[PDB]
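Have a look below at one chain only, the form deposited in one PDB entry, in structure tokens format.
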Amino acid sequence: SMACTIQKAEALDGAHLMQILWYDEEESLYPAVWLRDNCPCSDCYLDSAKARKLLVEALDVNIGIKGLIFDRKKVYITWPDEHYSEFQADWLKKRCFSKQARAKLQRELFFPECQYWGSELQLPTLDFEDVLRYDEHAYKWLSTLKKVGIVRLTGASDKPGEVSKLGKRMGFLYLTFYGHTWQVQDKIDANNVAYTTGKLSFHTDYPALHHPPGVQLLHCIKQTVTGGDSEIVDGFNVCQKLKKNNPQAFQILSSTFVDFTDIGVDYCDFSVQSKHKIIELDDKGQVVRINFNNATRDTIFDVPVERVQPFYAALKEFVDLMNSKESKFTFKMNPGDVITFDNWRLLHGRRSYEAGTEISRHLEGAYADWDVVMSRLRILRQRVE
């Protein structure tokens, strides 16, 4: 295209910048040091790995272009030490340092589109076997998981092993002290409040870890009629409402380190401790993760005494908002259903049910790392486009 065709290339700014004038009349600028650092020749770049061999030690940070020629599709550069580089037009164009170009590329890499939701949620639903068999369906699955935060898959079996198939479709699951996969059932000497018939209030899984699981997979093998309905809420949507309604409570929860703990025996013996802010913000003040399980929050609370009661007051306000009828979405899982969701963004819970002489309710769960998921999503997108 005219946008990707070179009209003129020139060294500017004491030879420290290259400027490309494109055939659409737009101009791009490329620092000489960045071009040299990204030389694609075999000395500098290992093509089989698509990786940089060039060392920092080799890079003159004050380098300027010694000579430059070009045609419509490439630039050819000589360097002061006689090194020689070639750069393709389309490669340069994609990597333009303009804010618009950089932002476009970041969108393509990280899929930031987010659709916030309340009690009006239309639970995205796909077929399990279709997702396993067809790239178009697996793509819709992971893209929707990223954007909405949850997808339900229907028509799995009523036998263990289904979350493992989804894990292989992603790449691999995320092993924790509760196993490769884990069985949510009422257990004698339960090592986790999950493994009882009690109500689970809204929580994220595993804030006792530094790096809580990014994605959760939960498959219904057996369901009870006595209770055990599912509830979910969009934590990012809730945090937005909290900041607006109660900025003091938002400030406390986004700045206060809370200790989490887990001790017991499952896959192996464990004694786990972490610290997190319940509302975890990026450097720009945007919420990126919620870290909260009331069951594993430690008895240890490392704050001065005067900060304690205001913390709990803040926390109450947050949970009250999560529970509001405008925020929460309630549903019942049947055998064969699987939900896959963003464990950093949603909070989830379940209603109490009745104990029995044999197991009346059984879910099999597993976790996946967001990096594993995003990798597969990038591959799938390329395959489908």
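So that the term is clear: the rigid core is the largest set of C-alpha atoms that superpose within 1.5 Å between two forms. Numbers for residues come from their place in the sequence shown, where the first is 1.
Asker: Taking the recorded C-alpha temperature factors, which stretch has the higher mean, 124-132 or 295-303?
Answerer: 124-132 has the higher mean C-alpha B-factor.
Asker: Is the mean CA B factor in the deposited entry higher across 339-347 or across 322-330?
Answerer: Mean CA B-factor is higher for 322-330.
Asker: With respect to the C-alpha temperature factors reported in the PDB entry, which of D229, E86, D283, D262 ranks highest?
Answerer: Among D229, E86, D283, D262, the highest C-alpha B-factor in the entry belongs to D283.
Asker: Highest Cα B-factor in the PDB entry belongs to which of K243, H276, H203, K199?
Answerer: The C-alpha B-factor peaks, among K243, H276, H203, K199, at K243.
Asker: What third of the chain, by the recorded C-alpha B-factor, contains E82?
Answerer: Highest third - that is where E82 ends up once the chain's C-alpha B-factors are sorted.
Asker: Going by the recorded CA B-factors, say which third of the chain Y267 sits in, lowest, middle or highest.
Answerer: It belongs to the middle third of the chain when residues are ordered by C-alpha B-factor.
Asker: Quick check for you: using the entry's CA B-factors within this chain, is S28 in the lowest, middle or highest third?
Answerer: It belongs to the highest third of the chain when residues are ordered by C-alpha B-factor.
Asker: For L253, return the chain-relative third of its C-alpha B-factor as stated in the PDB record: lowest, middle or highest.
Answerer: Its C-alpha B-factor belongs to the lowest third of this chain's values.
Asker: Looking at the C-alpha B-factor of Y178, is it in the lowest, middle or highest third of its chain?
Answerer: CA B-factor rank for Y178: lowest third.
This protein has a second form, the form deposited in another entry, left out of what is shown; the following refers to that one.
Asker: Core-aligned, between the shown form and the other one, one residue among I77, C239, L173, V215 moves its CA by 2 Å or more. Tell me which.
Answerer: The one that moves 2 Å or more is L173.
Asker: Tell me, please, whether between the shown form and the other one the C-alpha of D282 is shifted by 2 Å or more, with the rigid core used for superposition.
Answerer: False for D282: its C-alpha shift is below 2 Å.
Asker: For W91, state whether the C-alpha moves by 2 Å or more between the shown form and the other one after rigid core superposition.
Answerer: Not so; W91 is displaced by less than 2 Å.
Asker: After superposition on the rigid core, does the Cα atom of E120 shift by at least 2 Å between the shown form and the other one?
Answerer: It does not reach a 2 Å shift.
Asker: Since the Cα separation of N343 and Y267 moves by 3 Å or more in that other deposited form, tell me which way: closer or farther than here.
Answerer: Compared with this form, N343 and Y267 lie farther apart in that other deposited form.
Asker: Work out the direction of the Cα-Cα change for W182 and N323 in that other deposited form: closer or farther than in this form? It's 3 angstroms or more.
Answerer: They are farther apart; the C-alpha distance rises by 3 Å or more in that other deposited form.
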